[PDB]
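In the form solved without nicotinamide-adenine-dinucleotide, a lone chain appears below as structure tokens.
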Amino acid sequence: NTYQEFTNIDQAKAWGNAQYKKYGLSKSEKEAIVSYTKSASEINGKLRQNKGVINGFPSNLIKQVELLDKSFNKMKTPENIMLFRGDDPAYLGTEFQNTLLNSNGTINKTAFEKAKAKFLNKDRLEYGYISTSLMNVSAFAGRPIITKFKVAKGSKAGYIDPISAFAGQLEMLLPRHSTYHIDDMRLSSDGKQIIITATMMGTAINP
């Protein structure tokens, strides 16, 4: 029914750190996660390019992917929670790359209508892992698309921030090959961003 939305950075940090302490990640799992924060766009890129098939990857990358997948057996959220992600125009498709944004920096309204027609009330499968934050952090202030994921209690989700190679993102990671349903899409008050609300469902990878 209701999803916890953190409104205070220290509260979010406190809750996240308490979750992390309980996971009991293996040494190999922690290594795989640290590496993921340094090289996510590459890993996620290869997963998208190959539709989740890792057979042709280098041996070290197969091992890293298997360790990440396995880590989510220890990383579940204990409550209904709201997660946040910032994205650039290519997230909506090649066609939006050079058309979503006006010269002035606002969302083009015709491009917006094409995006809702394409995505609103539809399912979407993501082959890569999904990096998110416990809040709408300053790092995505400049990003034209904000997604809010409703993640249900018991779902695979881990607070990896304490071992991230990068600071200040309140980072919660979700499994690869996950499906979410886009419930709503609207413009922000100042018209510079698309706010998407989505309900997270399952992943097809359960090692």
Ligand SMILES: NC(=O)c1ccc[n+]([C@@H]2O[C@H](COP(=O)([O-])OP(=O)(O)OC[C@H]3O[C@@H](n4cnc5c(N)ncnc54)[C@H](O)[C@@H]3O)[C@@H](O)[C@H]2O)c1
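So that there is no doubt, residue numbering starts at 1 and follows the sequence shown.
J.: Out of 100-108 and 75-83, which one has CA B-factors that are higher on average in the deposited record?
T.: Between 100-108 and 75-83, it is 100-108.
J.: Compare the mean C-alpha B-factor of 31-39 with that of 137-145 as given in the PDB entry, and name the stretch with the higher value.
T.: If you average the C-alpha B-factors of 31-39 and of 137-145, the larger mean comes out for 137-145.
J.: Compare the CA B factors listed in the entry for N44, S59, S178, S164 and report the winner.
T.: Checking the PDB record, the top C-alpha B-factor among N44, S59, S178, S164 is at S59.
J.: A115's Cα B-factor: lowest, middle or highest third of the chain?
T.: Highest third.
Although not depicted, the form solved in complex with nicotinamide-adenine-dinucleotide is the subject of the following passage.
J.: Look at the candidate spot formed by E95, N108 and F112 and say whether nicotinamide-adenine-dinucleotide comes within 4.5 Å of a heavy atom in all three of them in the deposited bound form.
T.: No, none of the three is in contact.
J.: For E171, is any heavy atom within 4.5 Å of nicotinamide-adenine-dinucleotide in the deposited bound form, or not?
T.: Answer yes; at least one heavy atom of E171 falls within 4.5 Å of nicotinamide-adenine-dinucleotide in the deposited bound form.
J.: I'd like to know if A90 sits close to nicotinamide-adenine-dinucleotide in the deposited bound form, meaning any non-hydrogen atom pair within 4.5 angstroms.
T.: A90: yes, in contact with nicotinamide-adenine-dinucleotide in the deposited bound form.
J.: Wondering, does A152 line up within 4.5 Å of nicotinamide-adenine-dinucleotide in the deposited bound form on heavy atoms?
T.: Contact with nicotinamide-adenine-dinucleotide, no.
J.: In the deposited bound form, does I54 come within 4.5 Å of nicotinamide-adenine-dinucleotide, counting heavy atoms only?
T.: Result no; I54 lies far from nicotinamide-adenine-dinucleotide in the deposited bound form.
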